Amino acid sequence: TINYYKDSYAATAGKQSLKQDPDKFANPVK
Amino acid sequence: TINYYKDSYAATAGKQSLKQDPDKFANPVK
Amino acid sequence: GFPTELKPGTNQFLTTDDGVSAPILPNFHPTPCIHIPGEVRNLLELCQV
Amino acid sequence: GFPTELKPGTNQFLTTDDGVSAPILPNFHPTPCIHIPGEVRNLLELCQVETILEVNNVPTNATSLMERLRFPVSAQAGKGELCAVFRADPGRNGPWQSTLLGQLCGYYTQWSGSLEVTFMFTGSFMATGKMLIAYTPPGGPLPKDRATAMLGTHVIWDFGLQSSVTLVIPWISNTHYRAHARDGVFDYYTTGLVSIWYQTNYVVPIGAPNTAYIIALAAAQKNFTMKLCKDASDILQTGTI
Amino acid sequence: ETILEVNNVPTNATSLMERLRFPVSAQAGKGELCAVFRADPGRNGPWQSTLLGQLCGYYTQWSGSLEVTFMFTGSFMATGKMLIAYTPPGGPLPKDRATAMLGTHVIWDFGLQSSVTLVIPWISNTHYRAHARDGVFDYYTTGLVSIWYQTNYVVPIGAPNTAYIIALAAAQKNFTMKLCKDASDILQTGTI
Amino acid sequence: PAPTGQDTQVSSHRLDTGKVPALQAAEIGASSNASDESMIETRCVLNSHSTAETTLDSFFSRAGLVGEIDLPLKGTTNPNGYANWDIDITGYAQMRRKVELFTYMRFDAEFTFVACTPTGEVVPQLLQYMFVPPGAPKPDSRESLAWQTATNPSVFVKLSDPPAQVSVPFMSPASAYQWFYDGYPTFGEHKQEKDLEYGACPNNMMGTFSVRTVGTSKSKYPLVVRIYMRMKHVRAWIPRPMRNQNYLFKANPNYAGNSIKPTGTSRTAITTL
Amino acid sequence: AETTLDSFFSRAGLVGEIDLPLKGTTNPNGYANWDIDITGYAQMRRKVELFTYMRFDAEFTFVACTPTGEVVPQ
Amino acid sequence: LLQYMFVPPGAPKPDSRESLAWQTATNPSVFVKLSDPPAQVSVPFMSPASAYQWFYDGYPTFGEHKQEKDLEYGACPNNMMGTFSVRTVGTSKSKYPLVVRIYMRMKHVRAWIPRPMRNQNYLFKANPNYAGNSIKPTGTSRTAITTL
Amino acid sequence: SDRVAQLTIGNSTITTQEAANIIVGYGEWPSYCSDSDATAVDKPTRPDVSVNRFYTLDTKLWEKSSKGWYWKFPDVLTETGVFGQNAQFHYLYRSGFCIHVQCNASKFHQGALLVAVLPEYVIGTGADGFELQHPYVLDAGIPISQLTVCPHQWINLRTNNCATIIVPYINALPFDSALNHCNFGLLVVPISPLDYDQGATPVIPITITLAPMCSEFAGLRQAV
Amino acid sequence: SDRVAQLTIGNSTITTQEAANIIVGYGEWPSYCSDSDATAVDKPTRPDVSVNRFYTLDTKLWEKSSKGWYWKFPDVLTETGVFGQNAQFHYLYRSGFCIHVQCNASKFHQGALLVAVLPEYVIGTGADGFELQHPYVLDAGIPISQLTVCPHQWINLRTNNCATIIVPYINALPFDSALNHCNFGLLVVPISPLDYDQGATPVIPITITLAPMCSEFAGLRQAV
Ligand SMILES: CCCCCCCCCCCCC/C=C\[C@H](O)[C@H](N)CO
Ligand SMILES: CCCCCCCCCCCCC/C=C\[C@H](O)[C@H](N)CO
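Residue numbers (the authors' numbering), protein chains in the order written: chain D, 29 to 58; chain D', 29 to 58; chain C, 1 to 49; chain C', 1 to 241; chain C'', 50 to 241; chain A, 25 to 297; chain A', 76 to 149; chain A'', 150 to 297; chain B, 10 to 134, 154 to 252; chain B', 10 to 134, 154 to 252. A prime marks a further copy of an entry chain.
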């Protein structure tokens with residue numbers, strides 16, 4: 029993220045973290 | 029190469045590496 | 001903000017210039033490149049045939 | 001020189017921006033600052049000072065404008081009569097508009113915290129009695145009798161040497177913050193109601209006055225916070241000054 | 050997995066629910082055909098009714114293996130077997146079962162376990178495929194899917210003669226998409 | 025982690041009784057688990073396809089139209105050079121269908137305003153965009169006293185300059201925005217009138233947008249303003265099925281009951297392509 | 076952090092107005108003199124009058140245009 | 150004022166000046182004015198194949214190639230990258246005729262398998278067709294071989 | 010082993026001999042409000058055993074031409090049991106839910122149901157539930173074929189006769205009112221129509237049973 | 010555990026939920042020709058995946074008065090698939106076989122089949157098979173009651189609905205021609221006749237599926 033002001037919500041989107049949890053919706057079986 | 033964004037394909041052309049393989053087309057004899 | 005100055009070369013489109021531009025597709029990854037025989041790395045390589 | 005590019009945000013004058021500008025007086029030194037008592041470092045410091053609340057905001061004429069600061073109390077037939085009710089919404093127009101907390105809260109959209117209302121008795125020394133003050137959370141309408149009002153959180157006030165009691169309105173809500181309540185859709189943020197009921201009577205011997213008055217002071221607790229600064233809803237001018 | 054609309058024949062308002070299943074009954078045991086469709090997620094057709102099909106419309110190119118699951122919802126005493134075949138690109142629609150059995154296929158047996166899954170492996174010449182459409186863009190067609198009677202649909206006396214099958218489709222663990230674009234459908238007819 | 029797609033391992037034929045990857049029971053409610061290397065004979069493939077374009081930020085950080093304001097010279101809408109626009113996103117289908125896939129979202133914003141004449145020509149003119157939070161005094165004319173913007177943020181810009189843009193934080197009292205609200209906003213009896221407030225969530229009403237041409241008398245050009253919105257730092261929860269039929273009203277799932285249409289296309293027979 | 080003095084006062088507000096008409100009686104000679112005062116408008120005055128003594132710097136911004144809002148080279 | 154919109158294959162193509170597809174909810178778009186310096190963007194490599202090819206000896210469909218398919222001889226789907234859309238932002242007709250010129254520059258270039266260069270004039274796009282009746286030598290000509 | 014099942018909580022018990030395992034909604038068991046999530050200042054009440062038990066709501070019949078039914082939560086229980094009494098005597102409410110759907114037939118019947126839970130079910134145009161008018165678009169303009177993205181189960185008459193779903197508290201606020209907001213709605217739609225030949229029993233009732241889990245209340249006042 | 014079964018080879022898969030285990034012919038899995046057994050001097054070709062897969066041949070009906078059917082191997086596959094093309098383009102051939110017979114009915118049907126493999130089935134006096161005329165003497169002067177000495181399985185309609193046999197290469201030569209010699213013949217005879225009461229489904233088809241294993245070819249020439 030690149031920022032030029034004093035507020036964190038004025039920065040760029042940046043690069044997220046590649047994580048997946050496909051079992052939350054596909055395999056919710058106890 | 030000089031880059032100002034998060035994407036590598038937005039950079040400058042830069043300076044390549046000077047290598048030649050003239051024997052590939054001129055002397056392909058086994 | 002930071003005070004700057006403009007030199008007499010602005011707003012011109014120079015064809016041979018090497019510059020940086022804003023990408024249109026964020027986070028794009030191209031198709032991988034397989035090995036293809038017969039690669040040219042210099043126009044002088046095929047100037048001796 | 002250095003090649004640059006212009007982003008689509010130039011030449012705009014944004015009022016809330018924080019920026020650097022060229023000074024007009026080079027090498028200027030201001031007058032030294034001496035110690036002056038009574039410095040404020042936060043608008044929340046003076047949001048916890050009790051101020052008079054206008055529960056009895058009935059009258060309107062010029063000569064009786066002072067009667068809005070207190071409401072009367074006298075002897076009844078001992079049937080648990082009602083005294084006064086109002087809504088405990090600091091930002092909504094009403095009795096709370098006369099306090100410093102109410103005026104300051106108009107500058108901020110959302111608030112959160114616990115309030116506190118203090119009642120003081122200003123009768124003769126020989127007059128005694130007890131009152132019940134109840135706070136009905138949202139959802140329940142105005143109580144129709146004391147036996148229905150006693151269900152919510154309440155405090156019993158006893159007249160005596162200590163002439164003041166404080167009813168604390170705890171922060172009970174579903175959301176973390178509340179916007180200012182108003183009639184219509186924005187009633188979703190209503191905080192509740194406050195009622196005052198006679199407990200036993202207002203007893204007074206012979207030779208003493210039959211009517212007394214109560215003064216109510218309101219303030220905020222130590223967890224009171226506000227955010228999202230805006231402009232007030234009232235403009236105090238009718239043209240050029 | 051989401052419900053797939055293989056039987057997208059009807060159109061009227063009162064029978065719009067009949068598109069979610071296709072019927073199955075007893076025949077003369079000659080290897081009759083049941084239903085066919087194209088296995089192109091992005092191309093308009095049966096796949097347009099799934100979440101995978103709708104999401105894929107937002108991305109130009111995709112790659113990976115698909116998976117279609119069939120569930121039998123008949124009586125307990127009805128038994129039978131079916132053959133499901135997937136014809137890779139190049140071969141036209143099979144004219145009979147003996148021609149369809151050449152491609153990759155699975156034999157489904159009715160029983161206690163009422164569901165079988167046919168996996169459509171990623172078989173292609175290019176690393177990615179664009180969305181297929183009629184005309185030049187048929188170059189990216191994935192193939193066809195067919196369902197054939199194996200032996201029969203056998204049922205004793207006192208039990209129903211017609212049953213239905215429900216098909217659910219999804220994607221495998223190597224499914225990827227790229228080159229975000231806008232959808233081809235706009236859900237407004239003026240100002241809202 | 026999942027930086028790339030999964031590989032494929034070498035497999036061979038299997039003829040054994042008791043283990044059946046193919047047969048399943050979808051009545052349980054869980055997706056399949058049989059893979060390619062367990063139903064056909066596969067080879068070894070080293071997958072290196074990136075999955076970075078399908079993230080929430082990669083899918084929502086694109087600008088879209090959400091607003092339209094007209095300031096005509098002769099007409100009936102805003103003939104006084106000022107306009108008031110309540111902040112809503114549900115005004116246009118392309119963005120609405122995208123954002124309605126989920127139930128709760130939490131995000132910042134970047135707003136860009138483009139202004140020009142109805143014919144597309146650019147003329148020298150000055151304006152003032154004013155953000156009016158709920159409970160603030162809303163202007164009622166071109167010379168209203170509320171335009172002093174003593175506390176409310178405001179922007180002064182010209183048509184000939186590049187379009188102005190600002191960054192916007194998350195201002196909801198709740199923990200996230202919600203596009204669906206199954207309930208009513210008041211403790212009333214809900215006889216008939218309250219039904220017009222069905223689904224009206226007070227946590228989504230963020231304020232009002234005000235625009236005027238800076239001046240005392242009437243201007244000389246008709247003007248149009250377009251508001252574009254872009255999302256960043258996006259989080260989502262609880263996805264729901266996507267929209268099927270056309271839209272009719274803002275903040276309402278109403279649909280045309282007499283004209284109901286299937287999701288996709290149709291064919292003649294099930295045994296023929 | 077939003078209720079501090081800087082967070083409450085560091086917002087721009089109108090304090091002045093100058094007219095330079097072509098035909099009229101106020102300033103028909105193309106020049107004007109304006110004494111520096113803040114008490115000319117209610118929104119800012121009510122805000123600043125909450126206290127008795129203040130000590131602060133300032134940042135002044137001047138916006139100029141024709142009475143109709145049009146921008147001309149001058 | 151204008152609006153350049155990049156339409157990938159399969160996206161809705163606009164059909165008028167006020168088309169609903171101009172909301173550019175997902176497709177990249179650029180707003181710019183004539184009086185401003187010319188706009189420019191950077192573009193990645195979007196082919197499904199490993200490289201672009203300017204010659205394709207074959208057909209793109211499994212058909213029978215009777216006569217109609219011969220109009221698709223050499224049509225490579227791996228080179229059709231999309232559509233470019235331009236309009237003047239407004240409701241009514243504009244007041245000036247306009248012309249747009251598109252310039253292209255290459256970077257990070259790799260090449261394979263060189264072939265002999267072109268000799269005759271061009272006739273059609275994506276077609277090596279040439280005028281058969283008017284065939285010309287590569288260079289210039291002289292009168293005799295023993296004289297310069 | 011996942012064919013017999015017994016679920017007990019409070020002072021009620023449910024048994025079934027043909028089950029289809031148990032679906033946990035979004036892979037999270039219900040829990041209490043943590044000290045960091047809370048916003049109230051008054052200590053809440055947790056009646057525990059007196060409000061966490063199985064309740065039977067009503068019985069609906071399955072016909073060969075039925076469309077479907079849906080219910081709303083927690084609107085159904087506001088007039089039933091100690092849970093109802095506490096709901097109207099308090100302003101803030103939170104809880105989880107365990108839902109059990111029962112429908113049994115013989116071996117010569119056929120048909121299938123789709124049991125699913127859809128949070129924030131806004132309906133476009154009590155404890156007994158309503159009947160859908162346009163089941164294809166879920167009465168809200170969304171196709172039913174994509175409903176499986178929500179926690180769901182199937183009732184296949186040849187395989188099982190029951191479905192179980194466990195749903196935690198789903199909302200953007202730690203506490204909310206139970207008389208003005210419905211967190212989710214339960215849907216039961218017949219995808220494959222019921223069929224049988226004449227002479228078999230033609231009545232195939234469907235009954236709904238459910239039980240709150242980990243309830244909490246705050247903000248005492250008069251009953252409303 | 011030997012009641013469900015899945016057999017996969019190449020790019021085809023077969024599933025069954027009522028099996029009767031698997032019979033391995035003469036207790037030997039198919040294998041390749043060892044270097045000591047070989048006699049040819051040219052290196053053979055092993056197409057592997059392209060010729061080792063399940064093929065479905067034809068469907069025959071089971072009637073209350075049927076006699077029986079028999080097939081010949083590898084004569085059936087010489088005009089089917091890549092196995093057929095390679096058989097006519099090569100002179101020497103060897104392979105194993107895995108054979109699967111499917112026949113299913115309801116619970117109210119009855120009857121039994123005898124599935125067996127008999128090497129070198131010389132017949133006394154294509155891919156669709158033939159029908160026996162004198163099933164008692166196997167059309168070759170030998171009683172059928174002793175057929176069980178060969179690798180065999182039963183199809184009892186009350187117990188199972190399928191039979192599986194794995195047969196290696198059986199011959200006195202390491203390689204042989206596929207167009208002039210039939211190594212073995214498959215027999216399917218109804219010992220107990222089919223029976224049902226009127227109203228049940230009267231069509232009970234029988235279908236044959238099989239797959240070569242570990243094939244080899246040599247001696248390339250023109251197609252014959
Ligand atoms: C220069 C001032 C302009 C800034 C004004 C924009 C700030 C507020 C934007 C709100 C962001 C979107 C969230 C709003 C709520 C929901 O989208 C809708 N009300 C849906 O009901
Ligand atoms: C602001 C949007 C404008 C960007 C549009 C340009 C992006 C795509 C350019 C493609 C690059 C050249 C490669 C294209 C294919 C081949 O050149 C030709 N089709 C030859 O057949």
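Idealized CB from N, CA, C, for every residue including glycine.
Closest by C-alpha distance to residue i, when choosing among the options
i: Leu161 of chain C'; options: C':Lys144, C':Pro137, C':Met126, C':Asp145; result: C':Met126
i: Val123 of chain A; options: A:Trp109, A:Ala275, A:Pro148, A:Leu297; result: A:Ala275
i: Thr237 of chain B'; options: B':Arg12, B':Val13, B':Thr25; result: B':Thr25
i: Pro142 of chain A; options: A'':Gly239, A'':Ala198, A'':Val249; result: A'':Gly239
i: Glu116 of chain C'; options: C':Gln221, C':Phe2, C':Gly184, C':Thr15; result: C':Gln221
i: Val33 of chain B'; options: B':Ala125, B':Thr48, B':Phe245, B':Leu86; result: B':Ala125
i: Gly129 of chain C'; options: C':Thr136, C':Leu100, C':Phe159; result: C':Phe159
i: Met154 of chain A; options: A:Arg130, A:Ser56, A:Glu145, A:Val181; result: A:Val181
i: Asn210 of chain C''; options: B':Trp71, B':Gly227, B':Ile31; result: B':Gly227
i: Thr225 of chain C''; options: C'':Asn57, C'':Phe71, C'':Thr60, C'':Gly113; result: C'':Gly113
i: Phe203 of chain B'; options: B':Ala47, B':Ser10, B':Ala96; result: B':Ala47
Neighbouring residues, chain D, relative to residue i (Cβ below 9 Å)
i: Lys122 of chain A; result: Within chain D, no residue comes near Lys122 of chain A; the closest Cβ sits about 16 Å away, beyond 9 Å.
Under 8 Å from the C-beta of residue i: neighbouring residues of chain A
i: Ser10 of chain B'; result: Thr41, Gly42
Residue i: CB within 7 Å of a non-hydrogen atom of ligand 4
i: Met229 of chain A''; result: Inclusion of ligand 4 in the displayed structure is not the case, the ligand content consisting of ligand 1 and ligand 2 alone.
Same chain, Cβ closer than 7 Å to residue i, neighbours up to 5 away in sequence not counted
i: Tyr222 of chain A''; result: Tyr208
i: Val131 of chain B'; result: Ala168
i: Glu54 of chain C''; result: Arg68, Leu69, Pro95, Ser98
i: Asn188 of chain B'; result: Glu27, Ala28, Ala29
i: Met195 of chain A; result: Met230
Contacts that residue i makes with chain A'' (C-beta to C-beta distance below 9 Å)
i: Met119 of chain A; result: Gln172, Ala174
i: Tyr37 of chain D'; result: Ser191, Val192, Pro193, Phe194, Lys256, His257
Closer than 7 Å at the beta carbon, the chain A residues around residue i
i: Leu89 of chain A'; result: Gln172
Assumed close pair residue i, residue j - CB separation to whole angstroms, cut-off 8 Å
i: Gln181 of chain B'; j: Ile193 of chain B'; result: 6 Å
i: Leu66 of chain B'; j: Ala155 of chain B'; result: 6 Å
i: residue 299 of chain A''; j: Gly88 of chain A; result: Any property of residue 299 of chain A'' remains undetermined from this structure, which presents chain A'' solely from 150 to 297.
Own chain partners of residue i with C-beta closer than 6 Å, once the 5 adjacent residues on each side are dropped
i: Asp84 of chain B; result: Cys210
Contacts that residue i makes with chain C (C-beta to C-beta distance below 8 Å)
i: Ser85 of chain A; result: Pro26
Fill in: Cβ contact check for the region 165-174 of chain A'' and the region 55-73 of chain C': 3 or more pairs under 8 Å
no
Worksheet item: Any chance the region 55-69 of chain A sits against the region 27-37 of chain A, with 3 or more Cβ pairs inside 8 Å?
Response: yes
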